[PDB]
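I have placed the structure first, in the form of C-alpha cells, so that the comments after it can refer back to it.
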Amino acid sequence: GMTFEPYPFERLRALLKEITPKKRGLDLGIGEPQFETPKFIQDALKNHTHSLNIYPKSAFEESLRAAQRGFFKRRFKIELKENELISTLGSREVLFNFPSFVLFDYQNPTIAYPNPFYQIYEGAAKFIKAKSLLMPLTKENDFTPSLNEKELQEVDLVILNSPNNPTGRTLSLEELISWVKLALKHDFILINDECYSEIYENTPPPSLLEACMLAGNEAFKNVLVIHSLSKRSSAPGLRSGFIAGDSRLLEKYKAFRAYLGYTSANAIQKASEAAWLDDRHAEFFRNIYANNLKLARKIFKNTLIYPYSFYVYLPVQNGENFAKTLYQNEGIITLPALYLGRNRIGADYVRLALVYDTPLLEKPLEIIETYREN
Amino acid sequence: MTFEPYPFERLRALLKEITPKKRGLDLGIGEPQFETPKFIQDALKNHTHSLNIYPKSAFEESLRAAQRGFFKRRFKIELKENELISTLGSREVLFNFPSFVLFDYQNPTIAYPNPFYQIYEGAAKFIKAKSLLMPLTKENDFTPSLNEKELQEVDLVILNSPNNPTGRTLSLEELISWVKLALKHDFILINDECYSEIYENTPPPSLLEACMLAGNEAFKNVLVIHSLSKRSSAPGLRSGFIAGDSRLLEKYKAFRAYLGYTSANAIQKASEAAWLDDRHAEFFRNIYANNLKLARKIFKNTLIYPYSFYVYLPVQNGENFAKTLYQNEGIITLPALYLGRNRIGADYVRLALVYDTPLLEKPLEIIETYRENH
C-alpha cells in the first residue's frame, strides 16, 4: 500500500490543540482567497443550467479551450496551437496524475522538486513509486533550486513552482532558459506549476514557455506549464485549469485522460469560459494582493518579500514555537514552514497567507512584527 | 502505455464511407435524452455564491447524508457514516478504485464480464493486471462464473447487475453465492450498480442486500458503485458514490485526498436535491419501462430483460447490420463486438432506449423489418 502522511493543516491543528487563545485574531495559515466570486461568473453558471442533461466531454468544450488559449496569448504573448493546450479540472489532479502518465513504463523513475513544497508533488512521486530528489530553497543562495551533474543525468522529471508556494521565489527569464537547455541536453521532462502567475505586485512573472521561445524550443519539446483559475478569479469551485506545452506528450495525455473521468458540467465550463475571457476582475483581485505584499514589506523590517504570490516566508527563531506563542497570545494563526518540507527545511520560518482585503491585515501584521523584532 | 479504440471510434470508422439515404434516430448513445428536472436546475442557480469555496475531496456532509438516505429508502439498508464515499460520478471510481486496492499486489488479477463497459479494461491495464473475462452468452444464460483455479487466482471481481449491454440482472440468490465465494477465496467483490434504478417492474437487488442475508453485515470485501446520471437525467452533475466495506473505504478516503475529483458546492447542492427526491426518478423510470415493453412487442421472440434500457438484439452480423440500417435508414445501432473481446457480441447490436416512447416506435419497427428479411 501507499503511505498517507498527515497534511500541513493536521500538523498545525495538532500543534495548537492544547492552546486556548487569549485573544481573537486572523487565520493566516490556509492559502485560500476570502473574496466573493464575481457576479458575471455566477450569472454565466445560472444562465446555462439547462445543459445538465449533457454528458460532458473529457476534453472539455472547444469554446473553453479557445478561451484558455486566448488568455495565454494576452498574458504571455504566445499563440498556443490547438494541440498545445489541454483543459483540466483545476491543477491539483494534473500535478498528481501527469507524472504517472509520463513515467508510466519507467523502471525506477526519479522526480525532482523543490523543498519546501506543495505536498501534492510528493504524493505524485509516491503514486508512481519514484525516487524524490529534493532541491532545497534556503537563504544561503537566495532560495535558488539546483541539481548537480550526476543528478541532472539521473532525473526523469523536474517540477518547478514559480512563483513559489511557500517562499514567493520567482525564476527569471534567464533562469528558466537555463532549465530548458538542461532539459533538452539531458532529455528529462520539465514542468512549471504556474498557478501563481497572476498573483504579482509589479512586473508580471515570466512563463517557462516564454523561455522556450527564447531558447530555440518553439515546439516546447520536453516542457509543460500548469495553470489554474482558482486564485486568479476567486472561483476555486469552478475546478478549471489547463496544461500547455509539448504537443507530442499532450496528444498522448489526451488519450489517457479519456479514461479518468475528470469532467465538469457544461454550465460550469461556460462560467469558466466567461472567467478566462475577462482580465478586469483578475486585475481587481491582483491589486489587493499587490497591496498586501507592499504593506507586509513596510511592516516586516529587514525581511525579504518577493513581489509575487500572496505569501510571506517569515524568518523567526523556531516556526513551531513562534506559531504557538502567537496563537496563545493573539489568536493569530500562522503556518510553520517545517510542515511544508522535509529534512528540517523550514524550521526557522512561518508562512503567512495574505488572503484578506488589505485594511484587515494592518493590525495583525504589526502585532506579528512586535513578537519577532529585537 | 497502449490505447484501445473506444466503441464510438470503432462505430465512426465503420460508418465513415456511408452517406445515409434518410435521417434516422441515434440508438448507439447510452445516455438519457431528457431535460434535467427544473428543481435540480433551480438548486444550482440558488447556490452560485458558493463558487468561492475550495470544495472538499470528501464532498459536503449534507450530500453524503442525502446519498445514505437514498440507499435506505431504496434498499432498506442503513449505511453507517464510514460505509459511503461520495464520488464524481461512477466512471472515475470504476477506473481508480482497482488501482487503489491492488496498488502493491504481486501479479494483480481482475475478472469482469464479456461484453463490458470498456472502462473495466482501462482500469486493469493501468494497474498492469491480468484480465479474466467471464463471457455472457445465450448458451450460459448470460451468467458470469469462474472456475476453481480462477477463483484462487483472482484478486478483484467486477460484476455489473443490471448489465450493460445485455440487461442481465443477478438475483438475490446469485449475489449471495458471489459474496460467499469472495470471502471463501478471499477476493474483493464490486457491483457496478448504475442501472439499479432503471427497471420495468420488480426492482433489482443490491449486492449489499445479499451481504445482509449471507451474514456479512460489515460488508467485508464487498463494495457497490452508484451514479445519479441515468436516474435523474443529470450526467452534468457528476454525482455518484461507492458503499460497503468501511475498512477499505477508510483508506480509499485518504487516497482520494490526492486525486482532485472535486465539485463546486453549488453542484453538490443540486445533487443533494436530486438524491433526496424519488418523484422525478419515477417519472423517468416509467418512460424506460414503457420503452422496454414497446421493444418487447416489436422484436418478436427476442429476450429483453426487464432491467436497464438496452436491447441486446440478435442479428446475423452486428457490423453488417449497423452498416445496412445506417445506409438505408440513417438509424445508428452499436455492434456488440465493440463492447467485447474474443469475438463475443459479433451477432448482436445494442440499442439504447433513451428517448421518449413515441420517438422509438418507427425506428424500432424499421429495425425489426430488416431482421425479418436478411
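Below, each value reflects all heavy atoms present in this structure, side chains not excepted, and no hydrogens, waters or symmetry copies. The chains referred to below are lettered A, B, ... by the order of the sequence lines, with proteins before strands, and numbering in each begins at 1.
Ring geometry for B:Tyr258 against A:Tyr7 counts as tilted: the plane angle lies between 30° and 60°, on a 0 to 90° scale. Relative ring orientation between B:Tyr261 and A:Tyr262 is described as parallel, the plane-to-plane angle staying below 30° on a 0-90° scale split at 30° and 60°.
The two residues A:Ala265 and B:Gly236 make their nearest non-hydrogen contact at CB-O, 3.0 Å.
Here the straight-line distance linking atom CD1 of B:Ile53 with atom OG of A:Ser234 works out to 12.5 Å at 0.5 Å rounding. If you take CG on A:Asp43 and OG1 on B:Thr48, they are separated by 7.0 Å, rounding to the nearest 0.5 Å. To the nearest 0.5 Å, the span separating NZ on A:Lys39 from NE2 on B:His49 amounts to 15.5 Å. Note that the CZ atom of B:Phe34 and the CG atom of A:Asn53 stand 10.5 Å from one another [nearest 0.5 Å].
Top candidate by heavy-atom pairs under 4.5 Å with chain A, chosen from B:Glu92, B:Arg91, B:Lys45, is B:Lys45. Comparing A:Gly261, A:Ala124, A:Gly90, A:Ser100 by how many heavy-atom pairs each has under 4.5 Å with chain B, the most go to A:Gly261. Between chain A and the options B:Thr262, B:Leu88, B:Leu237, heavy-atom pairs under 4.5 Å are most frequent for B:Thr262.
The cationic group of B:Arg238 lies under 6.0 Å from the six-membered ring centre of A:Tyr55 and within 45° of the ring axis, placing it in a cation-pi geometry.
Using a 4.5 Å cut-off between heavy atoms, B:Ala257 touches chain A through backbone and side chain atoms alike. When heavy atoms are compared at a cutoff of 4.5 Å, B:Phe126 approaches chain A by way of both its backbone and its side chain. Using a 4.5 Å cut-off between heavy atoms, A:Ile268 touches chain B through its side chain atoms alone.
Side chain of A:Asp105 to main chain of B:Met1: a donor-acceptor pair is present (N/O by atom type, distance under 3.5 Å, no hydrogens or angles).
Side-chain contact check for B:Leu44 versus A:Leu45: some heavy-atom pair is nearer than 4.5 Å. The closest side-chain heavy-atom distance from A:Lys129 to B:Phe103 is below 4.5 Å.
Counting non-hydrogen atoms of other residues, nucleotides and ligands closer than 6.0 Å to CD of B:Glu35 gives a total of 12 or fewer.
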